[PDB]
Amino acid sequence: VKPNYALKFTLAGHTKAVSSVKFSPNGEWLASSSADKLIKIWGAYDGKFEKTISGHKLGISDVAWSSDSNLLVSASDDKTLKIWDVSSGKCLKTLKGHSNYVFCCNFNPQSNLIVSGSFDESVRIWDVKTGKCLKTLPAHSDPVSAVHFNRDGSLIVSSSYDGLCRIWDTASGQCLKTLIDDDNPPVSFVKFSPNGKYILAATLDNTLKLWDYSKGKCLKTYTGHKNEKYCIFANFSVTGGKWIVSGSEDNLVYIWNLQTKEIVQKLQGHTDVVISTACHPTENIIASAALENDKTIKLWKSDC
Ligand SMILES: CNC(=O)c1cc(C2(C#N)CCC2)cc(NS(=O)(=O)c2cc(Br)cc(Cl)c2O)c1O
């Protein structure tokens with residue numbers, strides 16, 4: 001059993017490399033971020049450009065939605081994060097604290113906290129309402145490539161080019177776990193699984209791994225794509241068949257069977273590295289974004 005994603009819309013607007021695409025939790029919007037210093041908002045179902053959100057002084061590496069789809073947080077080379085009210089476009093807060101480029105960000109499920117990761121080798125935890133830094137974790141020995149909260153917000157997972165995934169207690173800041181698999185390629189992405197039991201991690205040796213982080217066991221690996229250089233997120237597709245989705249440096253989107261780890265589809269059409277993908281929360285829709293030789297975002301839809 002396999003999906004049949006087919007191309008429905010191609011989106012263009014950004015003038016430099018895209019770094020991230022994310023669907024809003026309410027299904028209405030796609031947000032994208034770029035080295036052009038802009039966030040762009042697009043209609044999730046028809047790909048219609050909605051608006052630009054501007055204010056960062058340098059390129060943006062990541063953007064993330066709050067649980068209620070009302071806010072965005074962005075992470076920039078200008079060493080700030082910004083919290084935005086999406087409907088008005090207003091910058092509610094600028095989060096200053098990191099000493100180098102901010103590379104990743106996420107709200108907790110309650111969307112009262114933000115976690116960030118930086119080239120400064122730290123993870124920071126911020127209060128959304130006040131915009132102030134609550135905690136700084138001396139997390140890694142190289143840039144932090146991803147940060148994500150678990151289901152109830154009590155844990156943070158971080159990944160780094162130092163080759164480590166680490167699990168942090170949100171309240172105490174203690175490093176609870178370090179995951180590594182008898183080799184330490186750089187880790188370019190990590191996130192908790194939909195049910196909260198696993199973490200999915202991308203390493204720059206062309207490999208995705210699904211870990212039981214409590215037991216410290218790698219349960220699945222997904223291979224066949226190309227990923228030796230860029231920060232390419234990976235997704236869980238939860239609306240139809242249980243798939244793992246990722247971009248790839250051979251210009252394709254890869255889709256794997258969660259359980260069997262076989263490739264079930266490859267989506268062709270981009271002319272450069274597929275730097276980012278996202279999966280829609282209710283419909284079988286994938287968004288993909290390619291690097292600057294291509295400069296498009298594509299929306300693909302499947303019947304299953
Ligand atoms: C019928 N199989 C399952 O139900 C199932 C199997 C697995 C495993 C396997 N094989 C154990 C090691 C991966 C993990 C989960 N949970 S998951 O990773 O969080 C998850 C991933 C996706 Br894609 C979608 C959803 Cl909805 C989801 O929950 C499962 O749900």
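Observations
- Projected label points at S154 and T260, each 7 Å from Cα along the beta carbon direction, are separated by 3.7 nanometres.
- Listed residue pairs exceeding 27 Å between alpha carbons, taken from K2/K40; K40/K242; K93/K209; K37/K191: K2/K40; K40/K242; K93/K209
- Checking the Cα-Cα distances for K48/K132; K90/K135; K226/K295; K129/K226; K129/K229; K132/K229 against a 30 Å cut-off, the pairs over it are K48/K132; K129/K226; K129/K229; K132/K229.
- Each of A6, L164, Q265 was placed along the dipole of the chain (beta-carbon charges, centred on the mean Cα), and the one lying farthest toward the positive end is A6.
- The share of Cα pairs per 10 Å bin across the range 1-131, counted from zero up to the longest distance, runs 13, 45, 31, 10, 2 percent.
- Electrostatic dipole magnitude of the chain [Cβ: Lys, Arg +1; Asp, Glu -1; Cα centre; debye, to 20]: 580
- With Cα atoms as the point set, the chain shows a radius of gyration and Dmax of 17.5, 49 Å.
- Within the straight-line cut-off of under 13 Å between alpha carbons, the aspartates and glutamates reachable from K22 are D62, sequence neighbours fewer than 8 places apart in one chain being disregarded.
- Filtered trypsin sites (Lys or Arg not before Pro), the range 111-155: DSSP coil and at most 14 other beta carbons within 10 Å: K129, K132, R151
- Distant-in-sequence amide contacts of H225, defined by a placed amide H-H separation under 5 Å and a gap of 5 or more residues or a different chain, comprise nothing.
- In a fully extended conformation the segment linking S172 and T271 would gain 31.1 nm over its present Cα-Cα distance, using 0.36 nm per residue.
Here, each number is a calculation from the coordinates, and none is a lab measurement. Cβ sites come from the backbone with ideal geometry, for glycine too, and all protein chains shown count toward neighbours.
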